Amino acid sequence: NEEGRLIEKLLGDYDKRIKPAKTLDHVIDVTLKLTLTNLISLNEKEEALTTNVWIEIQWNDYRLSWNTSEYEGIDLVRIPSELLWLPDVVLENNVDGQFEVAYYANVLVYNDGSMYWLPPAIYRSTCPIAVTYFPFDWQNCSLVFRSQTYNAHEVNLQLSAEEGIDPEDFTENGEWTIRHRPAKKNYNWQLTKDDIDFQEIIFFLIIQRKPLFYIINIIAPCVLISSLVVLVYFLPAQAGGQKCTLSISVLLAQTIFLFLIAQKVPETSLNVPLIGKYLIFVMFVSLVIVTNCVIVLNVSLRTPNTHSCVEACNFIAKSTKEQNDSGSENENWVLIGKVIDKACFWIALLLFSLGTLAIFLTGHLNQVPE
Amino acid sequence: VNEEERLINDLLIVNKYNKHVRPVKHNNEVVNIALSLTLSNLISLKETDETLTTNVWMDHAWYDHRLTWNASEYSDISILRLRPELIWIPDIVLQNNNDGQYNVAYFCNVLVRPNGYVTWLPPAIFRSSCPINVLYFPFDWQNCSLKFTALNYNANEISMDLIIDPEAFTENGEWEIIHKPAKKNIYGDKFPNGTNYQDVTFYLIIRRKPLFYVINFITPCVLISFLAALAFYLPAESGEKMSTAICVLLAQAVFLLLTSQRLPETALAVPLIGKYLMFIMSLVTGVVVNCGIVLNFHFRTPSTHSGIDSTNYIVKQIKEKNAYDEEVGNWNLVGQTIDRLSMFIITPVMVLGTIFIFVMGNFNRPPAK
Amino acid sequence: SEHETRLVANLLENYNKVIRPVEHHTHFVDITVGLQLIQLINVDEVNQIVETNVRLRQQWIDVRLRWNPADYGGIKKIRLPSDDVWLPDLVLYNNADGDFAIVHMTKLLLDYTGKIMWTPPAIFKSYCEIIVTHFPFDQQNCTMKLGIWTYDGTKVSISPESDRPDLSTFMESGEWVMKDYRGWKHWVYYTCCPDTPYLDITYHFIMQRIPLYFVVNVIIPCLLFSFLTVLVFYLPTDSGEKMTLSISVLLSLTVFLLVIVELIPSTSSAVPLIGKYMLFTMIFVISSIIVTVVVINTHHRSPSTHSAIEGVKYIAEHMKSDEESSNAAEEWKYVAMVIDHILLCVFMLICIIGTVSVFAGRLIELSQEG
Amino acid sequence: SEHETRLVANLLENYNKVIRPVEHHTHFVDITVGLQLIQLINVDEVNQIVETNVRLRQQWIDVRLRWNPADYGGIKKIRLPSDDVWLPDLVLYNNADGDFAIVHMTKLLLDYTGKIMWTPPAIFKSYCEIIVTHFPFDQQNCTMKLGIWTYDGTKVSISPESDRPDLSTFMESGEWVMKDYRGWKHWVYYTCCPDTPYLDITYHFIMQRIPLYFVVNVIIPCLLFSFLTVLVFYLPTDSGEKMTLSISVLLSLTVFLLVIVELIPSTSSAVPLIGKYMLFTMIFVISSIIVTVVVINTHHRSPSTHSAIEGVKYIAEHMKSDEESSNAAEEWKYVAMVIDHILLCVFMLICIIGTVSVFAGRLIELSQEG
Amino acid sequence: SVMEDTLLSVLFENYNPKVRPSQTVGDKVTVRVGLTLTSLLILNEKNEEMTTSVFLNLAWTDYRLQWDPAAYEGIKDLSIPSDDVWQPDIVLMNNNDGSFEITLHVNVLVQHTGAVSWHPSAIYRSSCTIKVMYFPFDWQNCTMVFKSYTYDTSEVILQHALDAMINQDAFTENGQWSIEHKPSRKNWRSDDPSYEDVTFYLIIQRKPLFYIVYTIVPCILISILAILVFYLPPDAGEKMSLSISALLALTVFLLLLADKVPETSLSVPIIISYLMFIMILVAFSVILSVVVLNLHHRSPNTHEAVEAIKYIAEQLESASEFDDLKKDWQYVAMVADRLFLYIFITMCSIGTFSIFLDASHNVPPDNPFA
């Protein structure tokens, strides 16, 4: 039906770069929305991410409501992307890595100027997550994206679901989790003093993490380690004196392990994000353990050395007996461990307090945001 | 305006100009081309793989015999600009150092002399496979060879004739640039039965040697050494801490072997000469042996490693008797041997420790020659 | 030639590339997919990405491509390059990790009559389920869906041909190993839109892992360390003069076990293996730990130990006796009746625990072996 | 309408793009520019690379762009696409490492006039000074020059604008801080050639780095290894009976920090620094060694300490008298008098090169702070 | 001018850009392929990936470009870009690991009666069957198959250069490696109507002789410590302790050896062969160190009335001395000698074995490089 002739008609008339514009002072109304589908990389030390976004694009151009041969042959249409006005998308706040295959995707015409286009894009971005978003109370990732291109005086974007998410297409390769996701539609004029307002799209993303696996990676070493120094503490009451050298081997080994745990995981928070909180209990719990641990030896270090003619000769020999006894005896008196035994229970409660102060407080920072 | 618009419509670059025809003034020898090479920067040096990423100013000159000008072209301005399409562009090829395609030295803005001669000379980020070998590491650190030219054309379609170096040295080279000659040529080969295309041959003779390996590297050899050194001093001042004298060898020993381990690691980074690697290993060994000798000769030793009268006579008999036992131990002592030992350790410290810095110095007198 | 020039020119003139073979409102464009993965190049557990060999067998028909002695006449069916065609925008839904390799501008074959195939030699980047369940010995089935991008079944329709296994031409340079793979068809209409949307090929990759070199290295030190530990018990009861001797030991061992753990988490981090696989190495490796700890604290456990010329000989002899007493006290201290008990105490335990360990070992060897 | 088509049509017929707008043998193309830096996403430390954004504000004129009531009439200041314009090839001399990201294909501000400007949110990777002397405590000012490339003076011209500071949009998450930033213009003719070459804006960034995290943990293992060596000396006094013990802790201590230095080489070459620096830890750590060198050499310092019936009772006590004098002669050697001087000897020595380390440290920050 | 416009104009009047250099279906046009190699840069021994560089010389004859007086007789040789014709495409069945760099679309040498010469050098990403069979001194085997990638020999034919050209034609001097050969066999895959690929064989030889040398040290040096620690026991038996330090150390060592190795096969791995038995030699000085340990284990103890006093005395000392003399009986060193010479057998036998293996490896599986 006129199929040929109608096509040929308006392709006389057809203008590309021009918006279907009454005039050039009062803009078009454009519809947009995004459905997450892939959160590829969460580099939080370096606070950037890559996501496959469904760029729901919609807008009106009556440059083409149709008659007879188009509107009514097919209320629906597939005409090439590369044939008119298309907005250049980007996350003012996030857009970090040019769009990927997110453009040059066939566009959807109505027959009264309804226009709809979705497509998919993997790109980089730049959310929160510096030295916090570690905690239990999540950081809202706030991404606003619009058109790169023009400013709101001849373009005007519309929005979605500020309320309802997130895990529609959340990565399963999270150790993370999302618990809400805000989205509002707004204008451009900021702290900085920028006028000629260019609309945009705000994307809040408060999310959880911490399904902990390493937890007990961290957990076991340093329980092991507290019982390891529990051996250092109770095995000295039992021990003899050749247990000086004993003990020490232990402290060598004790921190060879210690620091090697301190090298490990420090690295970890460098290569992904950062939060100090948890950081701080480990090293410093770990340091005070050390602390007291060699203090302990300085406690069984202290102490200066505990660390007839018949009868002329009977006279002197019966003195070497009493004599050396007295001396030997010296050592006795000197190392009668009143210190040691109690030094077991000294550290014991102290050990307990350390333990406790920590796990107790971890039982809290898990039991408030529980 | 001089009939300008109109004249650059007269000439028509692309339309009057044969873009598919080489303005060689028809059949003769060639249009006469000259290349100029100026490095703007050297960003990375690889030893292991013979590969260098460097930036060059591709200064190019050749006559466009259709680019002679008249009044509103020549004169109006003896010098103008013109894009890559209004533009025969060759393929100067880094013949043997262009195993890394030329970037941003392809078709950018060129300079239009006022009667054909044209001038195109921008930036080249490139990668090269220079004459490394496992031998660009001896101190000479050789001469890097590179040839530049329009690849395609022959000595009857092409002729290229011919600057330093430290024009734009990368100061964040661990190496040092001694020199930098430049001389063009032309050449006939094996498979071609003609002579042809002429080229820019530029040899780079350099030298390298951080002032920062010396530092941590000699540090651990005097350190180490003194352990071997101290091992033997301490078997005098008390050689009875047997276990602990030992421990030291376990200790000095494990420390020595990974040392040399970090050695081949930077190694692979970069293929190592035979000069340096021998003094190291041949000597470390040196020690090694003498730590194993240390061993045995430090713990070799098996030991040093009337009836009232009848009764107390038994004891003065167990007395003296086990005094020959007891003594059996001091036998083992060997203390007139003391000074010797530490002596015969000093002799060989002085022979080796010197032998090395002796080899130092005998190769540190001839280069100053 | 048989119509030769008149052939060629007629054809350019009356033919619109851009036009999609739209033959009244019906069948749409009927176009079928058929993937034959010639071979695979590489695959990454960590980042469930694969680079593979596909020859895409694409069929469809344009009745506008039937001919006479002026097209067929010339030469039967021929070779026509792409361009003139309408090319579906194929896409691996939950895959599709980028754009098809060397896809664009290749050739195809037309018959005198019409029928066209486009079966080109692809190799591309993929994206698939591994889940924590892929490094199963029992595997996970990689769910991979394929079909027409942004066109439903009204406008056009991607269909199936086709079941085939995965191990049909599986990469012979995997470490690894398949069970089977199957692919069935489906039509996805959505709860969105009352409409009839496109069609899809769903792949199911069912394959289990582990070239067996790895496996060996790691478990034999654990048997090796078995024996050391073995001494660790035997040494001590048989003479606790080198107690600190074995101190050595305990230090240099658990660090070893430590070092193993670095190696297989990074690989964790580097290759996801279903987590509950790790508590195997967990308890097991950890009992080496609780065993030590105890055995060698307890090894320490012990308080102790770990006429008148005649009556001068009896004051002296009486000094040799009491101390007679006392000698026997401290040896009375380190008995060799009960160190025997800890020996068989825990060794039974170890062939308990051992056999237990052998449990999950043997168990998912009852399910792999099949 | 208002000469609608005759206005658009006329502008493209007498419009060309081969030509640049150059005005007589003149004052060059009056190019205006400066700053709009608001984000620095990534910059490396180790390599002195900087990927930032700056909207390069350009401003110039071209008389030919003067209009009447049939282009100014219209709509005053309309905004043209960028294409139509002969854009300056701007670049960071030294630098220019990256392609400028997002410049092509833009929006361009036209007036009825004349007035033209284009604010392009350019993001790119950079390369400038810093050196080995960047991260001192006395600073460095990265020199960054920008301007046209292969065009001198006699053609073409740019000029900097305005004073704004550096800490204007300095990274707040900076392990670091700025002090100041200046940019002044200039034109560059060379001694080479008698010609006027190109014009350029030279920035200089002056800012100190390092956040303190790294710091608190470098020191710690310092202090705590000093304690050990402090123990190294105390021991012999308190517990010389463990001299072999004291050797233990040296092998201990030394291999530990030998080890700490591995890290360094890996993290230093992975974020480069002036050598100058390590020369501190150097001798202060060689100091532990140099000091165990002398103190245990000195520790071992001492060569050896490191009637007739009546007659035999006297042959026996005589056995005892010979020896007794003699042993006095080994204890004679370890007097425990000059052990309390070596600790004091070195207590004061270690109190002073420990206040040493604290010295250059503080000095240098009396010089930083300033 | 001699009818220049005329030839020039006929040619571009009868040439077809889009067309095959043939007249219908024979025969086709017999193209010559033959590559002068430049050098090779990287053998990724591990994965079997080959990046080299060569010249793509193609050459056939165009009867469509026979010239006449002025470009024939004028200038018998003229340079002309490509673009115009059928170019090879070529993929390497195996191989073709990725694109062409300077290979295609480069100018060419066109002779008078239309011989065509095309002279490009290129880098190409290939990966051949070097396998995990590129380390046995016997070396191996590979297929390098080049050929186009939609073209099925049916409209042309491929033919090579030499067959002796060798692969030590351009063998890389830099190579720590070496060159047995490369033949060249043309093939046509009958599983296809298409005439495909050509197979080029790698008889390659890898003898970088640099660090095996100091690898020989660990095998001989290690045994040092071995002979040693089994030569220490009946040397100073009170090796009691120090013994176990020997092996903590000896063990950890041959472990870390197992650290490095897996890491260096990293880029690099093959045939365990070397590994396989030094592994054995490993497990050897494992278990032999441990048995001997058992050897030590061993020792189930060790691991007047005036005359009435006298008597008392007489009994005290003798009594207990033969009891302690018993223990002497119980640990005499008859074993140490016999088993240290069992140590003699064990270790100079196991030593002269992999010395044999090694002896056999260099001399036996060498030759068959042909």
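What counts as what
- Residues numbered from 1 in each chain as written, not as in the entry; some residues may be left out.
- Chains lettered and ligands numbered in written order.
- Heavy atoms only, no water.
- Contact = heavy atoms within 4.5 Å.
- UniProt positions renumbered as here; feature names shortened; annotations may be inferred.
- Helix = DSSP H or I, 4+ residues; strand = E, 2+ residues; numbered from the N terminus.
- Buried area = accessible area lost by both parts, 1.4 Å probe.
- Salt bridge = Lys/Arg side-chain N within 4 Å of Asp/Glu carboxyl O.
- Nonpolar A, V, L, I, M, F, W, Y, C, P; charged D, E, K, R; others polar.
- Buried < 20%, exposed > 50% of the residue type's maximum accessible area, 1.4 Å probe, protein only.
- Pairing = 2+ DSSP bridges.
- Disulfide = S-S within 2.5 Å.
- Domains from an automatic or database assignment.
- Polar contact = N/O pair within 3.5 Å; in protein donor to acceptor, adjacent residues only side chain to side chain.
- Axes fitted to C-alpha atoms, helices over the stretch in contact; angles between N-to-C directions.
- Parallel < 35°, antiparallel > 145°, perpendicular 65-115°, else oblique.
- Left-handed = near helix turned anticlockwise from the far one by under 90°.

## A few points about the arrangement of the chains
Step number 1: The two units chain C and chain D are non-contacting; their minimal C-alpha-C-alpha distance is 12 Å.
Step number 2: Nothing in chain D touches chain E; the tightest C-alpha to C-alpha distance between them is still 12 Å.

## Points about the UniProt feature "transmembrane region" in chain C
Step number 1: UniProt marks residues 211–235, 243–261, 277–296 and 342–360 of chain C with the feature "transmembrane region", using the numbering shown here.
Step number 2: Summarising residues 211–235 of chain C: 92% helix, 0% strand, and an end-to-end C-alpha distance of 38 Å.

## A few points about the interface of chain A and chain C
Step number 1: Between chain A and chain C, the residue contacts involve 28 residues of the former and 29 residues of the latter.
Step number 2: Each partner contributes to the roughly 2,800 Å² buried at the junction of chain A and chain C, and carbon and sulfur atoms together form 63% of this total.
Step number 3: If you look at where chain A meets chain C, you find 1 salt bridge.
Step number 4: The partner of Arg78(A) in a salt bridge is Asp152(C), and the shortest N-O contact between them spans 3.5 Å.
Step number 5: Contributing elements (two or more residues each) for the side of chain A that touches chain C: α2 (215–238), α3 (243–271) and α5 (309–334) of chain A.
Step number 6: In terms of residue count, the dominant contributor to the side of chain A that touches chain C is α3(A) (9 residues).
Step number 7: Each residue belonging to the side of chain A that touches chain C can be placed in one class, and the counts come to 13 nonpolar, 9 polar and 6 charged.

## Topic: the pairing of strand β2 (residues 52–62) of chain B
The side chains of a regular strand alternate between both faces of the sheet.
Residue and element names in this part refer to chain B.
Step number 1: Most of β2 is tucked away, with 8 of its 11 residues classed as buried.
Step number 2: Across 10 bridges, strand β1 (residues 33–45) lies against β2 in antiparallel orientation. By the bridge assignment, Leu-39 is partnered in β2 with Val-56.
Step number 3: A loop of 6 residues connects β1 with β2, the two strands running antiparallel in sequence, and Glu-50 in this loop sits at a positive phi of about 70 degrees.
Step number 4: Pairing between β2 and strand β7 (residues 123–128): 6 bridges, direction antiparallel.

## What to know about the state of the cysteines
Step number 1: Taken as a whole and judged by the stated rule, the model has 7 disulfides over all chains.
Step number 2: Two residues, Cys127(A) and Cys141(A), share a disulfide whose sulfurs are 2.1 Å apart. Judged by the sign of its S-S torsion, about 100 degrees, the bond between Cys127(A) and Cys141(A) is right-handed. Linking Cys127(A) in the loop between β7 (120–125) and β8 (130–131) with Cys141(A) in the loop between β8 and β9 (143–147), this pair joins segments that are 14 residues apart in sequence. In this pair, the class of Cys127(A) matches that of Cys141(A), namely buried.
Step number 3: Note that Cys192(C) is cross-linked by a disulfide to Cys193(C), the S-S spacing being 2.0 Å. Taking the torsion about the sulfur-sulfur bond, which here is approximately -95 degrees, the covalent link between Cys192(C) and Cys193(C) counts as left-handed.
Step number 4: Once the bonded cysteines of chain C are numbered in order along the sequence, the disulfide links fall as 1-2, 3-4.
Step number 5: Unpaired in terms of disulfides, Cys222(A) finds its nearest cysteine sulfur in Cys293(A), a separation of 13 Å.
Step number 6: Residue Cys345(D) stays outside any disulfide, its sulfur separated by 14 Å from that of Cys351(D), the closest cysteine.

## A few points about the sheet that holds strand β8 (residues 116–117) of chain E
All names here are of chain E.
Step number 1: Pairing is antiparallel in the open sheet, where 3 strands are placed in the order β5-β7-β8. Among the strands making up the open sheet, the edge pair consists of β5 (77–80) and β8.
Step number 2: Bridge count for β5 against strand β7 (residues 108–111) is 4 bridges, and the pairing is antiparallel. Counterpart to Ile-80 in the pairing with β7 is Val-108.

## Overview of the domain arrangement of chain C
Residue and element names in this part refer to chain C.
Step number 1: Taken domain by domain, chain C comprises domain 1 (4–208) and domain 2 (213–301 + 335–368).
Step number 2: With centres defined by C-alpha atoms, the gap from domain 1 to domain 2 works out at 54 Å.
Step number 3: Here domain 1 meets domain 2 over a buried area of about 1,100 Å², counting both sides, of which 67% is carbon and sulfur.
Step number 4: Counting the surface domain 1 buries against domain 2, the share from its top three residues, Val-46, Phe-135 and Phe-137, is 49%.
Step number 5: Summed over the shared surface of domain 1 and domain 2, the result is 0 salt bridges.
Step number 6: For the pair domain 1 and domain 2, the number of links is 3 residue pairs in polar contact.
Step number 7: Of the residues contributing to the side of domain 1 that touches domain 2, the split by class is 7 nonpolar, 3 polar and 4 charged.

## Thoughts on unusual backbone geometry
Step number 1: With a phi angle near 55 degrees, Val27(A) is a residue other than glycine that sits in the positive phi range.
Step number 2: The class of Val27(A) is buried, set by a relative accessible area of 16%.
Step number 3: Although it is not a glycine, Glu48(E) sits at a positive phi angle of roughly 100 degrees.
Step number 4: Mapped onto the elements, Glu48(E) comes out in the loop between β2 (36–44) and β3 (49–55).

## Let's talk about the domain arrangement of chain E
Residues and elements named next belong to chain E.
Step number 1: Domain assignment breaks chain E into domain 1 (1–208) and domain 2 (212–362).
Step number 2: Inter-centroid distance (C-alpha atoms) of domain 1 to domain 2 is 64 Å.
Step number 3: Across the contact, 11 residues belong to domain 1 and 11 residues belong to domain 2.
Step number 4: Between domain 1 and domain 2 lies a buried interface of about 970 Å² when both sides are counted; carbon and sulfur atoms form 67% of it.
Step number 5: At the boundary of domain 1 with domain 2, the tally comes to 0 salt bridges.
Step number 6: The interface formed by domain 1 and domain 2 contains 3 residue pairs in polar contact.

## Examining the packing of helix α3 (residues 243–268) of chain D against helix α4 (residues 278–300) of chain D
Packed helices, taken two at a time, are described by the angle their axes make and the gap between the axes.
Residues and elements named next belong to chain D.
Step number 1: The N-to-C vectors of α3 and α4 enclose an angle of 165 degrees; their axes lie 11 Å apart at closest approach. Between α3 and α4, the angle falls in the class roughly antiparallel. Along this stretch, α3 crosses α4, giving a crossing that reads as left-handed. In contact with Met-243, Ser-246, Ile-247, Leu-250, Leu-253, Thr-254, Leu-257 and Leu-258 of α3, α4 contributes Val-285, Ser-288, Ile-289, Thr-292, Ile-296, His-299 and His-300.
Step number 2: Of the residues that constitute the contact of α3 with α4, the class distribution is 9 nonpolar, 6 polar and no charged.

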